[PDB]
Amino acid sequence: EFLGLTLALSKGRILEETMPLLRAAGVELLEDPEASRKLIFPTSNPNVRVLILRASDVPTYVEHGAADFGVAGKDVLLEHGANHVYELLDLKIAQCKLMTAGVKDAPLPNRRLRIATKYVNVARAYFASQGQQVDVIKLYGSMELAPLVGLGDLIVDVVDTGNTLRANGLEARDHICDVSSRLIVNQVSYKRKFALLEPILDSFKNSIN
Amino acid sequence: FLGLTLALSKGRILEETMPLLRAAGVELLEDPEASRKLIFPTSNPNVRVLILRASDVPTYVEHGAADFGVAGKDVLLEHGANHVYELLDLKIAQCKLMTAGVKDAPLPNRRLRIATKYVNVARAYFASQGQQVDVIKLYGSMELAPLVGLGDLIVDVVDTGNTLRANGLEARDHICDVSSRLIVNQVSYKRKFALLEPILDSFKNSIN
Amino acid sequence: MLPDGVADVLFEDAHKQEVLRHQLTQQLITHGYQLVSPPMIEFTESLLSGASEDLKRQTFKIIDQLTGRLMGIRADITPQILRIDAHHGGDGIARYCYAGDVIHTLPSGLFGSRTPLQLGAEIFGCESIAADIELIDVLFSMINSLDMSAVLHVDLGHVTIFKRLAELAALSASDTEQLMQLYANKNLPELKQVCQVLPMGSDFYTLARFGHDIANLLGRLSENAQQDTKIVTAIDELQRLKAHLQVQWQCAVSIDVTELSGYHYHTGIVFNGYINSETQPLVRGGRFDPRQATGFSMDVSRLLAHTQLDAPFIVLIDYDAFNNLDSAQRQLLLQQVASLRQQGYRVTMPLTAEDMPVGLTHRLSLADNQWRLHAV
Amino acid sequence: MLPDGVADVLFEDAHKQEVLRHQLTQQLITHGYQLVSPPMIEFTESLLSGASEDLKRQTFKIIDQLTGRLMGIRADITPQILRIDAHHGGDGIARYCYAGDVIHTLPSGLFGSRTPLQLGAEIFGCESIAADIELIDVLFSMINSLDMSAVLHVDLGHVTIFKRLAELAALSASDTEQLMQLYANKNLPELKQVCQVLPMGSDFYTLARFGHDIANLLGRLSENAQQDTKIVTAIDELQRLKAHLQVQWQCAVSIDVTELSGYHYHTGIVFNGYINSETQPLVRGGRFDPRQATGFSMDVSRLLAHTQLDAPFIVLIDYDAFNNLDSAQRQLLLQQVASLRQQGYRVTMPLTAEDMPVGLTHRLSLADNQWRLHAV
Amino acid sequence: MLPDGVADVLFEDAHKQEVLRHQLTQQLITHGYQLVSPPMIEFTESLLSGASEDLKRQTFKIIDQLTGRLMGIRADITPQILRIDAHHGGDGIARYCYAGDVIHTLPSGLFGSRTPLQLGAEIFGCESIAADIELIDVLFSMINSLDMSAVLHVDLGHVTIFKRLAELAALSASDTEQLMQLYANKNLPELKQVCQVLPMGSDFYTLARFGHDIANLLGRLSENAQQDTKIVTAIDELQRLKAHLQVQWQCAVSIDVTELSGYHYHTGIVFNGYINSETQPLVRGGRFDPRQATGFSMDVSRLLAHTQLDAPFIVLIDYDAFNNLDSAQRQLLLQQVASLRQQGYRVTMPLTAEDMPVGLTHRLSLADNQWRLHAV
Amino acid sequence: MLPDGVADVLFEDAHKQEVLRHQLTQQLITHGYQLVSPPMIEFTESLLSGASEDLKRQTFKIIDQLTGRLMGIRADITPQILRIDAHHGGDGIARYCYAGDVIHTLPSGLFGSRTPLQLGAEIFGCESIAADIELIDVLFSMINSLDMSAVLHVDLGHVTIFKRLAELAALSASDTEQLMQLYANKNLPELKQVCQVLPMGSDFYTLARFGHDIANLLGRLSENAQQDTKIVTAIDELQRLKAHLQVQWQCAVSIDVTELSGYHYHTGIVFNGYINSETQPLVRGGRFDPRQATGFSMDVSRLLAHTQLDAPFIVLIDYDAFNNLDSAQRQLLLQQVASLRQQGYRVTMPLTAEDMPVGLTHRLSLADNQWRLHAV
Ligand SMILES: Nc1ncnc2c1ncn2[C@@H]1O[C@H](COP(=O)(O)OP(=O)(O)OP(=O)(O)O)[C@@H](O)[C@H]1O
Ligand SMILES: Nc1ncnc2c1ncn2[C@@H]1O[C@H](COP(=O)(O)OP(=O)(O)OP(=O)(O)O)[C@@H](O)[C@H]1O
Ligand SMILES: O=P(O)(O)OC[C@H]1O[C@H](OP(=O)(O)OP(=O)(O)O)[C@H](O)[C@@H]1O
Ligand SMILES: O=P(O)(O)OC[C@H]1O[C@H](OP(=O)(O)OP(=O)(O)O)[C@H](O)[C@@H]1O
Ligand SMILES: [Mg+2]
Ligand SMILES: [Mg+2]
């Protein structure tokens with residue numbers, strides 16, 4: 001077993017935007033993960049090591065104790081529905097928003113709405129909290145294409161600038177919630193390794209404010 | 001749109017099919033990586049391409065959102081899609097589904113925990129060996145799962161083995177060989193056969 | 001909110017569904033079919049006897065509290081008709097019809113319904129193709145009475161052709177399965193390869209390559225197949241049904257002898273009716289291949305989108321005008337309202353001045369001592 | 001073969017049931033009631049919202065595979081109408097009707113059915129007793145249209161009377177429960193004993209002992225009860241409904257103010273229609289809940305035993321005579337058969353010479369180039 | 001073949017489990033705890049009395065055929081100990097221990113077991129923290145006797161702190177539930193927001209943010225909380241137990257006053273023992289209820305992975321040598337084998353020449369009229 | 001209160017049961033039997049595979065929420081051993097033992113237990129009677145180690161004798177059933193009548209009339225039976241087992257070749273051990289008649305009444321004397337208490353002056369600076 005902390009990160013956006021906070025906490029990465037097939041890396045701190053995951057895996061790894069803590073989007077946390085982690089900090093990075101989107105200028109069909117989305121639980125919960133009755137299909141990516149080819153009336157997807165919506169002939173409709181990356185911690189790790197965490201958490205706490 | 005809608009996935013599948021599409025007279029007009037558009041025209045005005053995630057391709061083709069597409073046999077096995085016609089083995093994106101554990105580690109003498117993207121394949125595989133397993137669903141970076149205790153073995157695609165070896169793992173059992181297939185929507189095969197048959201025979205030549 | 005693939009049928013759709021169910025049931029009854037109304041729940045023993053793994057997956061399970069036995073909520077009514085026929089049918093010919101809700105665990109197609117309304121007809125105890133021709137006629141008079149703009153195309157198959165070739169060729173289970181999966185994927189090149197190394201292999205290729213042309217199929221087969229009595233009858237049955245469908249009903253029929261779902265579940269002739277371009281067949285039917293049986297069923301709910309009713313007359317009596325009437329004039333009005341209702345007008349006696357029916361088309365108003373309908 | 005309290009409705013009973021269900025549904029629709037056809041399955045959240053422990057016991061449970069949530073197979077359609085009204089009804093008056101199968105875990109009474117066909121009507125958004133009078137009239141014109149020999153006796157109750165006494169007496173949950181169970185057993189001696197040691201105890205005894213005599217009930221109660229506005233209105237409502245039932249429908253009405261099943265769901269007036277001497281009421285209805293709501297439902301299947309149809313005209317075409325016809329003469333016969341079927345004759349085209357329908361009344365025979373019906 | 005979360009414990013694991021269960025049970029018995037072996041099934045009345053909705057979900061239900069009453073297959077033995085103590089315990093102090101299988105409908109955690117072997121101890125009739133200290137000592141001497149390499153980390157909580165704040169703040173059920181769910185997710189940002197609009201809201205935030213630091217928790221709370229006698233005692237009890245655990249057992253203890261699963265059942269102190277990094281606690285215990293009661297239980301099956309036994313000595317008698325013996329020499333051998341078995345050797349009398357035990361370590365062979373063990 | 005036939009095993013009985021279970025399990029393990037601990041619940045498929053209608057009636061049923069499949073709470077462990085052997089046993093010889101609770105719907109005998117503790121041993125993969133002799137030896141050394149005053153009498157049967165006669169006589173199912181029921185009722189006169197009109201009828205009479213005398217049974221049978229190889233082996237096996245039991249274990253054995261329960265369930269040799277005069281056998285075992293298998297099981301709970309332990313030493317430390325000790329003298333006392341506990345004394349460190357163990361036999365008191373045990 002590993003005595004120190006195992007931080008779970010996703011490659012790309014999450015890795016890049018966290019580097020500032022990790023630096024201030026004295027946990028810089030030794031090598032570039034993109035120049036390697038390794039998925040586990042050491043850091044400047046010999047107690048911390050980083051895992052490179054897909055963003056959807058981060059809560060799962062942290063939940064079951066494979067990582068002591070990690071950085072996951074609130075959208076992923078909402079969809080995952082993980083009541084088995086501690087969500088300690090809003091890091092205010094990777095900011096975007098979950099929302100609905102249909103075809104540009106199209107009217108809503110007067111029947112049960114078909115929602116194409118990766119975020120299945122969120123979609124149902126959202127539309128149920130409105131007046132709306134829906135059917136949902138699970139898809140994994142490239143959501144903006146689904147209404148163009150008849151696979152759904154609306155979508156539920158993250159949007160920041162809107163460039164992807166507009167580039168695929170869509171426009172946003174409703175706002176579901178704001179989304180930013182959170183620092184999540186394994187419940188047992190928060191109890192057992194608090195001494196290792198508390199300095200690193202307070203560095204993040206400073207880095208934000 | 002009354003022509004053909006071809007479904008492709010973004011990196012490997014897009015790149016390795018470009019040769020076959022060129023020979024069939026269906027070259028792409030612009031580079032999809034230099035764009036946020038997910039739908040593109042081609043040199044042939046009847047064909048257009050969709051850029052999807054590899055796991056979506058069977059779903060799009062199945063329900064008629066694409067008339068045909070190129071999907072890995074691994075994805076087709078996991079999807080279990082009886083509602084498409086699998087016409088050609090294109091012999092591209094060749095790799096193999098197999099099991100893999102930690103280098104030199106012995107199998108724990110109990111029910112095995114399998115970390116995998118390919119949930120149905122894993123269960124079906126181990127059941128055909130007369131054995132029962134417990135499964136965690138994961139979406140990628142599978143080679144990390146045994147290192148951090150999240151499973152005894154994994155079920156994943158491996159070609160060279162570089163990713164297995166780079167993460168302290170080695171292959172164990174061979175489940176099956178995997179290459180991309182040309183799948184066609186059952187109604188599109190009936191209704192748009194005239195549009196397909198020339199394009200299929202160009203692929204048929206490109207392979208042989 | 002309701003689950004996915006679980007919906008209310010509301011208002012005019014509910015009316016339309018009630019009308020379809022009733023007209024279609026009456027047509028069957030007038031064609032000599034005995035209506036049966038089996039229960040939503042049974043023991044799994046009889047309910048799923050000879051079920052495909054697909055069917056038992058779609059069937060919900062529940063415990064009988066009185067016996068601790070497994071019951072199920074029916075996903076298909078057809079097994080219940082078997083049961084009923086076994087106890088009430090006798091050895092002669094028996095005709096059954098039914099219409100009832102069935103429940104599926106998963107939606108059967110994309111954005112489908114988990115709660116379809118299954119309606120069907122079955123003939124037991126007749127060997128002849130005449131039974132199949134009769135069912136085709138009932139089905140098609142039912143379909144034509146709906147005055148739809150959408151068109152039904154029929155695919156015919158016959159699993160006996162391939163099944164007979166496979167026993168004559170002495171194929172293993174391994175070979176049979178590989179052929180069926182090649183057929184299901186229309187993999188003609190790889191079928192050619194496999195067929196070079198199989199007994200009567202050119203016959204198995206011929207089914208795929210030339211099975212659509214049922215007129216000439218027998219002449220294209222080996223002498224071994226051509227002498228086999230069951231293959232010859234099967235090809236003849238398809239020709240008769242195709243002919244009947246085209247002449248009598250002006251129906252475009254395609255043939256696919258490589259359609260082999262139901263190979264394991266005792267089918268002979270298979271029938272699939274497709275509405276416009278929808279992947280799921282609207283109508284499914286076939287032979288059983290020891291009591292003879294043939295029949296079909298359809299999803300009545302799926303007809304809703306392609307059938308249309310005359311808009312309803314929804315009438316509101318004027319509240320104030322009614323409450324000013326003496327007792328004699330009320331009896332005369334109620335007589336007139338009773339008359340309207342017997343003609344299928346929907347008339348509301350308002351409880352208050354604000355009482356307003358949904359979709360109001362007419363008001364029954366008082367002028368010149370005459371109650372008259374006037375549109376809103 | 002089938003579970004206990006689970007039966008097929010077969011043949012003429014199935015026909016009769018289809019006809020009853022359809023006529024009764026049409027009568028409701030023509031009286032301005034909106035037909036709704038909600039699904040057999042829903043999430044338990046909406047299905048059992050405000051359910052009695054009796055209802056939730058009768059409801060089977062199953063898992064939605066798509067959400068891992070608890071669904072149920074409906075034991076009662078009434079909650080689904082609440083849901084529908086909440087989304088489609090608006091603030092004004094709304095009228096709904098329905099007919100559908102419901103499933104119970106246990107049979108409700110001796111020789112009871114676990115799979116009844118529930119048919120009902122409900123009015124939402126009207127405070128007035130006029131809404132209750134309307135529903136009584138619709139119900140009774142429905143019942144009279146069936147031309148039954150069996151007779152419907154109506155029991156009226158009103159839970160407001162007891163509910164008001166219980167809050168005025170400041171009874172505990174312990175006391176309320178013991179009273180209700182004594183009332184349900186009409187255990188008058190033990191009620192007398194208990195009532196000596198209860199606040200306003202003589203009022204609670206009076207309900208049991210003298211509740212049948214609604215004319216004099218108010219005069220028998222304490223001054224505390226007599227001054228309470230809600231008790232006085234409740235007794236008045238019973239008198240008005242009893243009067244309406246007796247005058248308009250010549251119906252023998254009994255009163256039971258101790259009828260308190262549905263204590264938690266019935267806001268006010270309760271209605272139980274009994275067929276002949278059967279323990280289970282054929283019809284149940286009442287007031288419930290801030291949106292007003294009142295309605296009823298009945299078991300359509302239980303009407304089967306007390307209703308009869310005109311015997312069907314069952315026609316058999318002569319087999320030999322038909323097979324000697326040229327193609328033109330068959331088209332002329334089918335035109336004539338089609339005509340017979342449109343008049344509701346049940347005509348069988350025989351598959352063989354032995355093909356004999358059950359209950360054959362007529363044969364369509366050939367003589368002098370004329371097809372004619374003759375009775376057997 | 002077996003259901004998910006249902007496994008055989010086979011061979012050496014089965015041996016190891018039998019040994020653990022027996023040693024652990026003997027330790028408890030020698031510490032003055034009365035062994036009880038209640039039945040797998042009981043009426044739901046006593047089985048689920050005061051059960052959390054979590055417990056009743058995990059409990060399977062079945063009908064007693066003799067009474068038509070609902071029984072259950074126990075998911076937890078603890079309620080049965082309550083029952084037993086109520087009938088046999090008296091008013092003084094009583095100590096109980098138990099070991100038995102329990103059955104859960106769903107697996108409790110990732111790769112969880114639906115069929116765990118629950119082993120526990122409970123003290124009734126003692127107010128003092130001394131009872132809790134005793135149980136901690138018994139538990140830890142049990143754990144240390146297993147000579148594990150894996151380490152137990154203890155989380156202490158105390159529901160009285162939050163419970164007292166919630167009554168002093170006069171929180172609604174709505175507020176209490178939202179807090180508990182925020183606490184269970186340690187959602188600190190959203191807790192901050194909610195706490196700005198709640199009475200004594202800063203105290204509820206402080207529990208989450210600073211509850212780990214039990215030394216300073218009292219000083220961080222409002223004057224309202226600081227004066228409350230029950231809060232002060234609860235914080236003191238945690239300090240005493242943490243101290244005891246650290247001094248006596250050299251155990252790293254964490255505190256979580258926001259740990260509130262068992263809000264309805266835990267009167268006071270709560271205890272969760274975690275093995276290495278596993279999410280599910282290996283040991284759960286706490287105070288509950290007017291008769292005092294405290295205790296713990298653990299999953300014995302989960303100890304299997306972290307405990308090891310001395311490898312067994314497995315002996316095989318030589319087949320040929322044995323079958324050449326006269327009757328007298330066999331009686332002498334069996335006397336010697338009986339001796340070996342009394343020393344815990346596992347000796348197999350081979351049925352054939354090929355009979356070979358799994359994991360053979362020694363052979364009992366004949367030389368010079370002397371049977372001797374030699375290793376393979 | 002608990003259901004009928006469902007009981008707590010409390011206090012010394014619980015201790016006694018724990019000791020029996022553990023000693024008897026160790027004896028089996030030392031005789032080369034592999035301990036297995038299969039789960040309380042399985043799918044009914046494997047659990048009730050080849051079950052008698054009696055067994056499946058005694059088995060409770062429950063739904064797997066994850067698969068909607070029928071599971072059961074085991075009424076017998078033996079089927080689970082079959083399953084285990086099929087996956088882990090190989091083709092060679094395999095020995096298994098087990099001890100576990102099983103649950104029955106009804107009590108098996110009058111005032112019986114619905115929750116017995118089944119303990120058993122099985123040998124797989126050996127044709128020889130040697131396997132049966134081994135199991136007899138293990139069983140009897142187990143029984144003798146219990147030092148009971150009650151005596152075990154063994155009934156041996158062998159269904160192969162009658163089964164072979166019935167196939168040689170070419171009896172119908174009608175005949176076989178009538179014979180079995182005549183045998184079960186010892187109806188010798190009516191057996192005589194029936195046997196006059198049956199092929200080899202005198203052999204069937206001989207079994208009933210002379211089956212007890214196994215020495216001479218072969219010589220009393222027809223030449224047809226005497227030449228049949230399977231009859232001759234079966235009679236020989238009974239002679240060998242009877243002899244072994246009488247010589248080696250001084251056990252009174254009776255033979256009943258007309259004992260034919262298990263005729264349908266594949267038995268060869270049958271074994272029933274009866275304790276004193278109790279109708280229910282304490283031990284049941286036999287052969288299966290393609291993998292060989294033989295074994296037994298017993299109700300461990302039923303041994304409780306006929307086995308006795310030495311009364312326990314229950315010790316209480318003096319509260320006041322202990323609390324006057326300095327820290328050094330407490331460490332010396334705890335060392336002495338630890339010593340007592342390792343010898344199986346049950347010692348309580350009292351929490352208060354009133355803390356009083358149940359069944360107190362000794363007090364550990366202080367006098368002349370010496371802690372000593374003194375009886376109460
Ligand atoms: N355009 C965006 N701008 C800012 N944050 C974003 C944007 N898109 C996504 N995010 C957030 O960043 C997180 C990680 O982004 P990432 O690129 O890894 O995810 P993805 O590509 O949407 O999905 P996946 O990683 O599963 O393929 C998301 O979970 C989301 O919370
Ligand atoms: N190393 C490899 N060499 C060759 N073919 C591969 C390799 N890895 C995957 N493939 C094939 O390429 C297909 C698409 O892989 P691609 O890289 O597009 O996605 P992925 O890594 O499988 O996952 P995702 O779609 O989530 O990115 C797979 O279905 C498989 O058939
Ligand atoms: O509104 P916008 O600013 O366009 O951002 C929204 C897009 O960003 C994300 O994609 P990402 O950047 O992770 O790239 P990918 O979809 O190619 O993975 C997400 O999947 C959206 O498609
Ligand atoms: O055996 P190798 O030749 O190392 O290749 C195997 C790797 O390729 C697969 O996807 P991909 O190449 O897309 O990697 P990615 O999913 O990490 O992008 C998969 O993720 C494997 O880790
Ligand atoms: Mg991305
Ligand atoms: Mg990739």
# chains A, B, ... in the order shown; residues from 1 in each chain; ligands from 1
call {"tool": "calpha_fit_rmsd", "arguments": {"fixed": "chain C", "moving": "chain E"}}
result
1.1 Å
call {"tool": "interface_residues", "arguments": {"of": "chain C", "to": "chain A", "cutoff": "7 Å", "atoms": "only C-alpha atoms", "output": "MDAnalysis selection string"}}
result
chainID C and resid 1 4:5 111
call {"tool": "write_last_selection", "arguments": {"atoms": "N, CA, C and O atoms", "output": "compact mmCIF listing (two decimals), in the first residue's frame"}}
result
# COMPACT_ATOMS: atom_id res chain seq x y z
N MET C 1 -44.13 12.74 -12.40
CA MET C 1 -43.80 12.28 -13.79
C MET C 1 -43.75 10.75 -13.94
O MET C 1 -43.64 10.01 -12.95
N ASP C 4 -39.80 6.38 -18.37
CA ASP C 4 -39.51 6.48 -19.80
C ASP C 4 -40.17 5.32 -20.54
O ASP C 4 -40.10 4.18 -20.11
N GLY C 5 -40.82 5.64 -21.66
CA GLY C 5 -41.59 4.66 -22.41
C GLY C 5 -42.88 4.22 -21.76
O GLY C 5 -43.41 3.16 -22.07
N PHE C 111 -37.46 5.17 -28.12
CA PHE C 111 -38.64 5.95 -27.72
C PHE C 111 -39.95 5.16 -27.85
O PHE C 111 -41.01 5.72 -28.13
call {"tool": "closest_residue", "arguments": {"among": "D:69, D:330, D:56, D:22", "to": "chain F", "atoms": "only C-alpha atoms"}}
result
D:69
call {"tool": "closest_residue", "arguments": {"among": "B:51, B:28, B:136, B:148", "to": "ligand 3", "atoms": "only C-alpha atoms and all ligand atoms"}}
result
B:51
call {"tool": "atom_distance", "arguments": {"atom1": "CA of residue 69 (chain A)", "atom2": "CA of residue 96 (chain A)"}}
result
22.1 Å
call {"tool": "residues_around", "arguments": {"residues": "residue 191 (chain E)", "least_positions_apart": "6", "cutoff": "12 Å", "atoms": "only C-alpha atoms", "output": "PyMOL selection string"}}
result
(chain A and resi 87-89) or (chain E and resi 175+178-185+197-198+201-209)
call {"tool": "write_last_selection", "arguments": {"atoms": "N, CA, C and O atoms", "output": "short mmCIF file (atom, residue, chain, number, x, y, z; two decimals), in the first residue's frame"}}
result
data_model
loop_
_atom_site.label_atom_id
_atom_site.label_comp_id
_atom_site.auth_asym_id
_atom_site.auth_seq_id
_atom_site.Cartn_x
_atom_site.Cartn_y
_atom_site.Cartn_z
N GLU A 87 -17.33 16.69 -0.70
CA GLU A 87 -17.10 17.76 -1.68
C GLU A 87 -16.75 19.04 -0.90
O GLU A 87 -17.63 19.78 -0.46
N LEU A 88 -15.45 19.28 -0.73
CA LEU A 88 -14.94 20.25 0.25
C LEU A 88 -14.84 21.67 -0.27
O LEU A 88 -15.24 22.62 0.41
N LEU A 89 -14.28 21.84 -1.48
CA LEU A 89 -13.99 23.15 -2.07
C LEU A 89 -14.61 23.31 -3.45
O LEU A 89 -14.62 22.36 -4.23
N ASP E 175 -35.44 21.03 7.47
CA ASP E 175 -34.09 21.55 7.72
C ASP E 175 -33.13 20.45 8.17
O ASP E 175 -32.02 20.33 7.64
N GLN E 178 -32.14 18.20 5.23
CA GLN E 178 -31.24 18.85 4.28
C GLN E 178 -29.83 18.92 4.86
O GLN E 178 -28.86 18.64 4.15
N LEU E 179 -29.72 19.27 6.15
CA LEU E 179 -28.44 19.29 6.86
C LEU E 179 -27.77 17.92 6.84
O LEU E 179 -26.60 17.81 6.49
N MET E 180 -28.51 16.89 7.23
CA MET E 180 -27.97 15.52 7.28
C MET E 180 -27.43 15.06 5.93
O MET E 180 -26.37 14.44 5.88
N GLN E 181 -28.13 15.40 4.85
CA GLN E 181 -27.68 15.03 3.51
C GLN E 181 -26.47 15.84 3.04
O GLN E 181 -25.60 15.32 2.32
N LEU E 182 -26.41 17.11 3.45
CA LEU E 182 -25.21 17.95 3.23
C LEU E 182 -24.01 17.44 4.04
O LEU E 182 -22.88 17.42 3.56
N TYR E 183 -24.27 17.06 5.29
CA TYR E 183 -23.26 16.45 6.15
C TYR E 183 -22.73 15.14 5.60
O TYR E 183 -21.52 14.92 5.58
N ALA E 184 -23.62 14.26 5.15
CA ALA E 184 -23.20 12.99 4.56
C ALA E 184 -22.33 13.16 3.30
O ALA E 184 -21.49 12.31 3.03
N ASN E 185 -22.52 14.25 2.56
CA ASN E 185 -21.67 14.59 1.40
C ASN E 185 -20.54 15.58 1.69
O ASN E 185 -19.85 15.99 0.77
N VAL E 197 -29.00 31.25 6.57
CA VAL E 197 -30.45 31.42 6.74
C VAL E 197 -31.11 30.45 7.76
O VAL E 197 -32.31 30.19 7.69
N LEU E 198 -30.33 29.93 8.72
CA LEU E 198 -30.83 28.99 9.74
C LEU E 198 -30.55 29.48 11.16
O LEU E 198 -29.46 30.01 11.39
N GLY E 201 -27.20 28.83 12.89
CA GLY E 201 -26.65 28.24 11.67
C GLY E 201 -25.15 28.09 11.66
O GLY E 201 -24.63 27.16 11.06
N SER E 202 -24.45 28.99 12.35
CA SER E 202 -22.99 28.93 12.43
C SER E 202 -22.51 27.71 13.23
O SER E 202 -21.43 27.18 12.94
N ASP E 203 -23.30 27.27 14.23
CA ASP E 203 -23.01 26.03 14.96
C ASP E 203 -23.06 24.79 14.05
O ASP E 203 -22.19 23.94 14.14
N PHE E 204 -24.08 24.72 13.20
CA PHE E 204 -24.22 23.62 12.24
C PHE E 204 -23.10 23.58 11.21
O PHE E 204 -22.66 22.51 10.80
N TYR E 205 -22.64 24.76 10.79
CA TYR E 205 -21.45 24.85 9.94
C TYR E 205 -20.19 24.40 10.68
O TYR E 205 -19.38 23.64 10.12
N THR E 206 -20.04 24.85 11.92
CA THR E 206 -18.88 24.52 12.76
C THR E 206 -18.70 23.01 12.96
O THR E 206 -17.56 22.53 12.92
N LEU E 207 -19.80 22.28 13.17
CA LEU E 207 -19.75 20.81 13.28
C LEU E 207 -19.08 20.19 12.07
O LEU E 207 -18.19 19.35 12.23
N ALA E 208 -19.50 20.58 10.88
CA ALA E 208 -18.91 20.05 9.64
C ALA E 208 -17.47 20.49 9.48
O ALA E 208 -16.59 19.66 9.26
N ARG E 209 -17.23 21.79 9.61
CA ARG E 209 -15.92 22.37 9.31
C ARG E 209 -14.85 22.06 10.37
O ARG E 209 -13.69 21.87 10.02
#
call {"tool": "residues_near_ligand", "arguments": {"ligand": "ligand 1", "cutoff": "9 Å", "atoms": "only C-alpha atoms and all ligand atoms", "output": "ChimeraX atom specification"}}
result
/A:10-15,53-57,72-77,93-98,140-141,157-162,164,179-181 /B:139-140
call {"tool": "interface_residues", "arguments": {"of": "chain C", "to": "chain D", "cutoff": "6 Å", "atoms": "only C-alpha atoms", "output": "PyMOL selection string"}}
result
chain C and resi 2+8-11+14+30-32+34-39+42+341+346-348+355
call {"tool": "closest_atom_pairs", "arguments": {"of": "chain B", "to": "chain C", "cutoff": "6 Å", "atoms": "only C-alpha atoms", "output": "Markdown table"}}
result
| residue | atom | partner | partner_atom | distance |
| --- | --- | --- | --- | --- |
| B:85 | CA | C:185 | CA | 4.4 |
| B:86 | CA | C:185 | CA | 5.2 |
| B:87 | CA | C:187 | CA | 5.3 |
call {"tool": "interface_residues", "arguments": {"of": "chain A", "to": "chain B", "cutoff": "9 Å", "atoms": "only C-alpha atoms", "output": "ChimeraX atom specification"}}
result
/A:1,36-40,51-54,56-57,60-61,64-67,139-146,149-151,163-169
call {"tool": "select_by_dssp", "arguments": {"residues": "region 43-167 of chain C", "states": "alpha helix (DSSP H)", "output": "PyMOL selection string"}}
result
chain C and resi 44-47+53-58+78-88+129-145+159-167
call {"tool": "atom_distance", "arguments": {"atom1": "CA of residue 366 (chain D)", "atom2": "CA of residue 133 (chain C)"}}
result
23.2 Å
call {"tool": "select_by_dssp", "arguments": {"residues": "region 46-133 of chain A", "states": "strand (DSSP E or B)", "output": "JSON, numbers by chain"}}
result
{"A": [48, 49, 50, 51, 52, 53, 69, 70, 71, 72, 73, 85, 86, 87, 88, 89, 90, 96, 97, 98, 99, 100, 101, 102, 103, 113, 114, 115, 116, 117]}
call {"tool": "residues_around", "arguments": {"residues": "region 131-133 of chain B", "least_positions_apart": "3", "cutoff": "8 Å", "atoms": "only C-alpha atoms", "output": "PyMOL selection string"}}
result
(chain B and resi 111-114+123+126-128) or (chain E and resi 1)
